[PDB]
Amino acid sequence: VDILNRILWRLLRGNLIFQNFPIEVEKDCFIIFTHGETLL
Amino acid sequence: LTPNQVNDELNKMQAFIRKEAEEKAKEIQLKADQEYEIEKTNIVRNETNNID
Amino acid sequence: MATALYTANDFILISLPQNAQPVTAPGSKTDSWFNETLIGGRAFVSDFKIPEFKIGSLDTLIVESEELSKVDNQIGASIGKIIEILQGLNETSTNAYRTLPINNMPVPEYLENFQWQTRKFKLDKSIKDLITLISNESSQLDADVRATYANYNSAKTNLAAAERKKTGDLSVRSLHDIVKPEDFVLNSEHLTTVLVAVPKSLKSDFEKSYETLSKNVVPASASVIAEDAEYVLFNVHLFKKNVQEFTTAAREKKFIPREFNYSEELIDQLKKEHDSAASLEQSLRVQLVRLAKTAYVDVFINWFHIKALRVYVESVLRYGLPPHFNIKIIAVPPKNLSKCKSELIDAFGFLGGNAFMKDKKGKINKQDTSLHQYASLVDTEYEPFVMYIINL
């Protein structure tokens, strides 16, 4: 989750609202809000 | 964040969505006025050539 | 400061929204702030505003940013290589090309007259072809500098070799500086000449022994045709059959034969070789300095255009509105860089968003660690408002 947050923050320079909510191997959810287009 | 930060980002968003739409649509109908002239001239000129 | 030396004007490029306000000084306009407030009032603020071009789409906006980041690096790589060469030769100041005049106007002043310059670039060309165009020009100019510098090193090699023949030391030294018909034979059916390189001590021993050393040797042929500083060079006239026997007998004595045999075409071709090497290097050197300054001014203009374009484009992407963005370039006095970076971060960072805001303030120029150095590219940290730090 943290490395996906960092890679999407380095790809979209800012431009995102990244959340995570633990699903209750352990896993996790994520919401991105890719504000715009052409990187979707 | 702040509610305030989030509302500036909401205005900015609808601005970006709107920008994409005018700018693409503006191009599509300008090419279409040009298609009209060429195309219409072409159909007629063929048939008049036959009529002659 | 003392973790970095500066002695030449440094620049930070900012672009901000034209509706912005600093929270490090509320009740100020951004433009008024730069001049009065920023680093003790000693900031020089210069114009750097450029207008709108033609933007493909929103969609296209994304593709443009990515390229801009890449081309900016690449031009930066090139301009550094040109400067490194001019500096390396020390025939032009090493103490300039950080605040060396472009278009014979001081660099902070050059940026002040920089509003989007025209050389081949117009505001009615599309943005994708300006990104492409610029990079093609920069790559051509650098590849030219690299080739002429490449040629200049092959020329240095040739001039050293040729010189060694003209007077060096006898282990490759080929003779053409002595051209006498009394020290060499030519137009001869029975005779030839063998040159013997002899240690200076051993000179006496050579003088005694040579006639009897091989059979059938022209007597009173010993003459010192040349001398270096370690070896003495003798000419001996002898029978063609007997040359093999002399070279071999001589080596046992601790003489070193130098295989040379007199012919006019070899002598002429050794002198020409030396002549062409000298002429080639000298032409290349003048061409190399002239070319490097001319290429440097054009690449400077090219590079700043990508920085201007980029900062505007990145603003347009992140902020959207206003359609025209307030771009200023601030020329910072030496050693006040650390203070500058901090005051802008504090003041404007809030506009980018709290998530965007990280503290890793400070700067390490030594290779002890790679933290503390901002760039949006890395996930380690990010700039919190459109800010590029330009270090010439």
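Residue labels here follow a simple count from 1 along each chain's written sequence instead of the entry's numbering, which may differ, and residues missing coordinates are not shown. In the order they appear in the text, chains get letters beginning with A and ligands get numbers beginning with 1. Shown here: chains from a larger assembly, with each value referring to the shown part only. Side-chain descriptors were evaluated using all non-hydrogen atoms of the structure, hydrogens and water having been removed beforehand. Residues with missing side-chain atoms are left out of burial classes, side-chain pairs and their counts.

This entry lists cryo-EM as its structure determination method and reports a resolution of 8.7 Å.

Some words on the overall build of chain A
The test is simple: Counting from the N terminus, the helices are the DSSP runs of H or I reaching at least four residues and the strands are the DSSP runs of E reaching at least two.
Assigned secondary structure in chain A consists of one helix and two strands. For chain A, the succession of helices and strands along the chain, N to C, is α-β-β.

Section: the overall build of chain C
Defined as follows: The size measure is the radius of gyration over C-alpha atoms, and the globule rule it meets is 2.2 Å times the number of residues to the 0.38 power.
A count of helices and strands for chain C gives eight helices and eight strands. The C-alpha radius of gyration of chain C comes to 34 Å, more than 25% above the 21 Å expected for a compact globule of 392 residues. Its C-alpha atoms give chain C principal-axis dimensions of about 105 × 45 × 35 Å.

Some words on the sheet that holds strand β8 (residues 387-390) of chain C
Residues and elements named next belong to chain C. Defined as follows: Following DSSP output, two strands are said to pair if at least two bridges run between them. Axis definition: a line fit to C-alpha positions, over the contact stretch in the case of helices; interaxial angles, taken between N-to-C directions, run 0 to 180 degrees.
Within the open sheet, the four strands sit side by side as β2-β7-β1-β8. Their pairing is antiparallel. Since the sheet does not close on itself, it has two edges, and those belong to β2 (44-47) and β8, each with one partner. Put simply, the sheet's adjacent strands are angled 25° from each other on average, direction ignored. Sheet analysis places strand β1 (residues 10-16) next to β8, joined by four bridges and oriented antiparallel.

Comments concerning unusual backbone geometry
Residues and elements named next belong to chain C. Cis geometry marks the peptide bond from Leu-321 to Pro-322, where omega comes out at 5°. Of note, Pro-322 is situated in the loop between α7 (264-319) and β7 (326-332). Positioned with a positive phi, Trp-116 is a non-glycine residue whose angle comes to about 100°. Residue placement: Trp-116 occurs in the loop between α3 (107-112) and α4 (127-166). Within the chain, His-372 stands out as a residue other than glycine whose phi angle is a positive 80°. Inspection of the secondary structure puts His-372 in the loop between α8 (337-352) and β8.

Here we look at the sheet that holds strand β4 (residues 224-227) of chain C
Residues and elements named next belong to chain C. Read from one edge to the other, the open sheet built from four strands follows the order β4-β5-β3-β6, with strand pairing classed as antiparallel. Looking at the sheet topology across the chains shown, the edges are occupied by β4 and β6 (256-258). Across the sheet, the mean angle from the axis of one strand to that of its neighbour is 35°, orientation sign disregarded. Here three bridges tie β4 to strand β5 (residues 231-239), and the two strands are oriented antiparallel to one another. Paired with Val-224 across the strands is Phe-234, a residue of β5.

So, the interface of chain C and chain A
As a reminder, the rule being used: Pairs of residues are marked as contacts when any of their non-hydrogen atoms sit within 4.5 Å. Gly is put with the polar residues, along with every residue not named as nonpolar or charged; the nonpolar set is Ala, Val, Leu, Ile, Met, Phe, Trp, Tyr, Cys and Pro, and the charged set is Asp, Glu, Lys and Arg.
Taken together, the contact between chain C and chain A spans six residues of the former and four residues of the latter. Split by residue class, the side of chain C that touches chain A holds three nonpolar, one polar and two charged.

Section: the domain arrangement of chain C
Definition in use: Delimitation of the domains relies on an automatic or database domain assignment.
We note that the domain assignment places domain 1 (5-49 + 323-392), domain 2 (50-171 + 262-322) and domain 3 (172-261) within chain C. A separation of 77 Å is found between the C-alpha centroids of domain 1 of chain C and domain 3 of chain C.

Side note on the packing of α4(C) against α7(C)
Residues and elements named next belong to chain C. Note the following rule: We call two directions roughly parallel when the angle between them is under 35 degrees, roughly antiparallel when it is over 145, roughly perpendicular when it lies between 65 and 115, and oblique otherwise. Crossings are sorted by hand: turned counterclockwise from the far helix by less than a right angle, the near helix makes the crossing left-handed, and turned clockwise it makes it right-handed.
Two elements in contact, α4 and α7, have axes separated by 8 Å at closest approach and are oriented at 155°. The angle between α4 and α7 places the two elements in the roughly antiparallel class. Relative to α7, the crossing made by α4 is left-handed. Of the residues in α7, those in contact with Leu-141, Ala-155, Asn-158, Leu-159 and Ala-162 of α4 are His-274, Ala-277, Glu-281 and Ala-295.

So, the environment of C:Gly349
All names here are of chain C. Relative to the assigned elements, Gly-349 resides in helix α8. In the structure, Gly-349 is positioned 36 residues away from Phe-385 in sequence and 5.6 Å away in space, judged by C-alpha atoms. Each residue touching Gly-349, except ones within four places of it in the same chain, is listed here: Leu-344 and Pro-384.

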